[PDB]
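Engineer: Coordinates only, no sequence provided:
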Ligand SMILES: CC(=O)N[C@@H]1[C@@H](O)[C@H](O)[C@@H](CO[C@@H]2O[C@@H](C)[C@@H](O)[C@@H](O)[C@@H]2O)O[C@@H]1O
Ligand SMILES: CC(=O)N[C@@H]1[C@@H](O)[C@H](O)[C@@H](CO[C@@H]2O[C@@H](C)[C@@H](O)[C@@H](O)[C@@H]2O)O[C@H]1O
Ligand SMILES: C[C@@H]1O[C@@H](O)[C@@H](O)[C@H](O)[C@@H]1O
Ligand SMILES: C[C@@H]1O[C@@H](O)[C@@H](O)[C@H](O)[C@@H]1O
Ligand SMILES: C[C@@H]1O[C@@H](O)[C@@H](O)[C@H](O)[C@@H]1O
Ligand SMILES: C[C@@H]1O[C@@H](O)[C@@H](O)[C@H](O)[C@@H]1O
Ligand SMILES: C[C@@H]1O[C@@H](O)[C@@H](O)[C@H](O)[C@@H]1O
Ligand SMILES: C[C@@H]1O[C@@H](O)[C@@H](O)[C@H](O)[C@@H]1O
Ligand SMILES: C[C@@H]1O[C@@H](O)[C@@H](O)[C@H](O)[C@@H]1O
Ligand SMILES: C[C@@H]1O[C@@H](O)[C@@H](O)[C@H](O)[C@@H]1O
Ligand SMILES: C[C@@H]1O[C@@H](O)[C@@H](O)[C@H](O)[C@@H]1O
Ligand SMILES: C[C@@H]1O[C@@H](O)[C@@H](O)[C@H](O)[C@@H]1O
Ligand code: NA
């Protein structure tokens, strides 16, 4: 292993954001600090000098962005309230206002976050689990944090995946989120601006390990058309992928890569099938230098391939 | 799930002590507190009122006893120093002297603990991993804590199992410990009073998951004879057992029971083959009520069976 790799928490929460091929990756160190690694032509950072804040040890770690102009990172405090670390170009890193709302969640809650797509306005939806085990939406629309739609019960400690896209024939954004129910199914819930939250859950996978990681992305939005990918850790200790592709629906599922038992997972994407893409990047732990974070790549050039073996600070 | 099971930390460290079929089990709750559940005819406790102390979230939890007269429970402070909760009949619970020594270990260190067998005197040996990744022994011989023997390098974050027995033809106690080496092997190291720490590391399993749980017990000591069982979580997400039986050596290995990815493991035993025994109890998480602790049992009457489904507080 390496002294750097040893600083990375085993089964750390992982998140990532990007603007095309400009990448940032968030993780927790063994002391509970949240650090940023970065790719700008090459990999750097992830050191003690790249701490953005502190969270309870074992905290979920979620992140969302508008390119790399605005980045928001969500974790849990020792008190099990949602908090936010914020980057704005020209301002740098600071503590955003979510903390002030003191939103109290289950000790075992996960977190997902999205900027609403297709607008220059900064609008955010956060998902987490309340003590009664229901999934709660929290909203920022430029004038303070408020609760949004409660989306019903889930498995206590369920992973939460989430994405926002805007159809080019729609006048507003859509949201899709994914979690695990008590019966151990992985389900989709869905928001469109006409039907609101659709009443029904759609099953994406019959049986998954209890509290498995869940990470999602979407790309290539068109006229009432989208592409989506959802990832989880199956019982074979590999990440599995589920595809939505326009005109085919939920039509493909299969293993992608081996990981450590109980690895967390982050996904980013950019581009589209119509324009020589997409590009996908997955981050996870697979045992490289024991505790380092590893990368998986997909692009048109070469399809599925292992990427950076050990991320900084490894 | 159940509300009680929701209080138990996912992938909690687990330790267990006993006097024959009088049992105690220790675990961490979602807030970082170490709780005791109990079996005296039936299962009890493990509630907020049965907290014996606090430790960093995700701390290893080890325990050793002399029957139930003297119990010692070892975990890590937020500062990554070893600490001790102690019970003596007639006194109750108290924080033991161990914290006075300020032994600093690696933030990812595990812990094992044994009272030395075959003496009424209270002699302790604790094992953990220093920042240089070597396994260090720490000793109490009735007049203050100090470092004992350093047992060399091991995989960073390795599980550590230990047991002490005393052969009926020896003038003093033996120690066996087990851990994982950088090549992912599981190995034994050994202390006998004529050879001190043996020079050889003896391989007991060729390849195991990185940082897998390791728990060990021993029973039926005779003249130059002993029975040992070592447990670990294998890549198939089940506990495996390695057997030493007198006259056969390290002769068997196979699966015992399924567990969640990354489950920790605790083992106790009592009795002997020559006296209609032994009894074994194993403790772990297998997904019952998502996050409850479960029991597996072995005895002569019915052999291998699942015990109590979900321990208190579930
Ligand atoms: C000096 C400066 O740039 N201040 C910013 C304000 O002008 C702006 O209104 C706030 C908005 O709040 C932050 O971003 C939003 C999207 C949310 O994440 C919110 O929680 C966060 O505080 O940002 C600066 O203070
Ligand atoms: C029919 C047969 O071979 N039965 C044997 C018994 O003779 C023997 O007692 C038993 C030993 O089991 C081993 O030891 C116990 C304590 C436990 O660890 C088991 O997992 C081991 O296999 O094996 C029966 O199979
Ligand atoms: C954007 C870059 O794409 C590929 O070149 C990868 O090998 C790098 O790790 C990075 O993800
Ligand atoms: C968008 C910004 O990009 C670089 O300037 C980094 O140093 C910052 O931490 C941030 O990620
Ligand atoms: C995009 C939508 O915004 C508001 O109307 C919320 O109440 C909904 O739950 C959804 O997030
Ligand atoms: C992107 C697609 O949008 C709607 O048609 C949903 O009913 C589908 O499940 C899918 O989420
Ligand atoms: C963008 C790519 O789309 C399909 O070809 C999938 O089979 C790949 O796994 C990847 O998700
Ligand atoms: C010592 C006891 O043995 C069996 O009767 C089990 O069913 C109990 O859970 C307990 O372990
Ligand atoms: C040996 C002792 O037994 C009972 O008194 C319990 O209440 C204590 O916690 C301790 O385990
Ligand atoms: C056996 C001894 O008991 C008490 O004296 C504790 O304070 C010591 O640290 C040790 O565990
Ligand atoms: C029982 C023995 O006691 C002391 O002599 C120590 O130096 C050894 O390491 C061993 O623990
Ligand atoms: C109990 C046995 O004792 C010695 O013979 C060791 O060399 C063996 O490995 C085993 O631990
Ligand atoms: Na976690």
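Structural biologist: Nice, thanks for sending it over. Residues are numbered from 1 along each chain as shown, chains lettered A, B, ... in the order given. Ligands and ions are numbered 1, 2, ... in the order given.
Engineer: doesn't residue A:6 fall inside a strand?
Structural biologist: No: under DSSP: H, G, I helix; E, B strand; the rest coil, residue A:6 falls outside any strand and is assigned helix.
Engineer: how many other residues sit next to it?
Structural biologist: 23 (other C-beta atoms under 10 Å in any protein chain shown). Any C-beta I mention is one placed from the backbone N, CA and C, and that applies to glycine too.
Engineer: which ones are touching it?
Structural biologist: A:30, A:290, A:291, B:106, B:108, B:156 (C-beta atoms under 8 Å, 6 or more residues apart in numbering or on different chains).
Engineer: Now the second one: closest residue in space, sequence neighbours ignored.
Structural biologist: Put plainly, it is residue A:290. Leaving out its chain neighbours, the residue that sits closest to residue A:290 by C-beta to C-beta, 6 or more residues apart in numbering or on different chains is residue A:1, at 4.6 Å.
Engineer: For the stretch 1-150 of chain A, just list every one of the strands.
Structural biologist: A:14-19, A:22-28, A:33-39, A:43-45, A:51-54, A:62-66, A:70-76, A:82-88, A:92-95, A:111-115, A:124-129, A:134-140, A:145-153 (DSSP state E, counting those that start in this stretch).
Engineer: Against ligand 2, how distant is the residue nearest to residue A:290?
Structural biologist: In this view, residue A:1 and ligand 2 are 33 Å apart by C-beta to the nearest ligand atom, to the nearest Å.
Engineer: Surely that residue touches residue A:291?
Structural biologist: Yes: counting by C-beta atoms under 8 Å, residue A:1 touches residue A:291, with 6.9 Å between them.
Engineer: Compare neighbour counts for those two and give me the winner.
Structural biologist: residue A:291 (27 against 19).
Engineer: With ligand 9 as the reference, name the closest of the strands of the stretch 1-150 of chain A.
Structural biologist: strand A:70-76 (31.0 Å; C-beta to the nearest ligand atom).
Engineer: The closest one near chain B anywhere?
Structural biologist: No: figure legend: strand A:70-76 not in contact with chain B (C-beta under 8 Å from any C-beta of the partner chain); closest approach 10.9 Å.
Engineer: elements contacting that strand?
Structural biologist: With contacts defined as 3 or more C-beta pairs under 8 Å, 6 or more residues apart in numbering or on different chains; DSSP states H and E, strand A:70-76 has these neighbours: strand A:22-28, strand A:51-54, strand A:62-66, strand A:82-88, strand A:111-115.
Engineer: swap the cut-off to 10 Å and go again
Structural biologist: Using 3 or more C-beta pairs under 10 Å, 6 or more residues apart in numbering or on different chains; DSSP states H and E, the elements in contact with strand A:70-76 are strand A:14-19, strand A:22-28, strand A:33-39, strand A:51-54, strand A:62-66, strand A:82-88, strand A:111-115, strand A:124-129.
Engineer: I'd like these laid out as a markdown table, including mean neighbour count and distance to residue A:218.
Structural biologist: Formatted as a markdown table, the helices and strands packed on strand A:70-76 follow (neighbours: other C-beta atoms under 10 Å in any protein chain shown; distance: least, C-beta to C-beta, whole Å):
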| stretch | mean neighbour count | distance to residue A:218 |
| --- | --- | --- |
| strand A:14-19 | 23 | 14 |
| strand A:22-28 | 23 | 18 |
| strand A:33-39 | 21 | 22 |
| strand A:51-54 | 18 | 26 |
| strand A:62-66 | 23 | 13 |
| strand A:82-88 | 21 | 23 |
| strand A:111-115 | 24 | 10 |
| strand A:124-129 | 24 | 14 |
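Engineer: ok so, going back, wait, the residue nearest to residue A:290 touches residue B:158, no?
Structural biologist: No: using C-beta atoms under 10 Å, residue A:1 is not in contact with residue B:158; the gap is 11.2 Å.
Engineer: unless I'm mixing things up, residue A:65 is touching residue A:117, no?
Structural biologist: No: using C-beta under 10 Å as the test, residue A:65 is too far from residue A:117 to be in contact (11.7 Å).
Engineer: Can you list the buried residues in stretch A:88-96?
Structural biologist: Buried residues in stretch A:88-96, counted by 16 or more other C-beta atoms under 10 Å in any protein chain shown: residue A:96.
Engineer: okay, how far is it across that stretch, tip to tip?
Structural biologist: 10 Å (C-alpha to C-alpha, to the nearest Å).
Engineer: can you tell me if it touches ligand 1.
Structural biologist: Yes: Stretch A:88-96 comes into contact with ligand 1 (C-beta under 6 Å from any ligand atom), by way of A:88, A:91, A:96.
Engineer: for the residues you listed, which one is nearest ligand 7?
Structural biologist: Out of the residues of stretch A:88-96 next to ligand 1, the member with the shortest distance to ligand 7 (by C-beta to the nearest ligand atom) is residue A:88, at 31.2 Å.
Engineer: Wait, the closest one touches residue A:94, no?
Structural biologist: Yes: the pair residue A:88 and residue A:94 qualifies as a contact (C-beta under 10 Å) at a distance of 8.0 Å.
Engineer: any residues in contact with both of residue A:1 and residue A:291?
Structural biologist: Taking C-beta atoms under 10 Å, 6 or more residues apart in numbering or on different chains as the contact rule, residue A:1 and residue A:291 both touch A:8, A:310, A:314, B:156, B:157, B:210.
Engineer: Name the nearest residue to the residue in chain A positioned nearest to ligand 5, ignoring sequence neighbours.
Structural biologist: Nearest residue of chain A to ligand 5: residue A:149, at 3.5 Å (C-beta to the nearest ligand atom). Counting by C-beta to C-beta, 6+ apart, residue A:149 lies nearest to residue A:137, which is 4.8 Å off, once chain neighbours are set aside.
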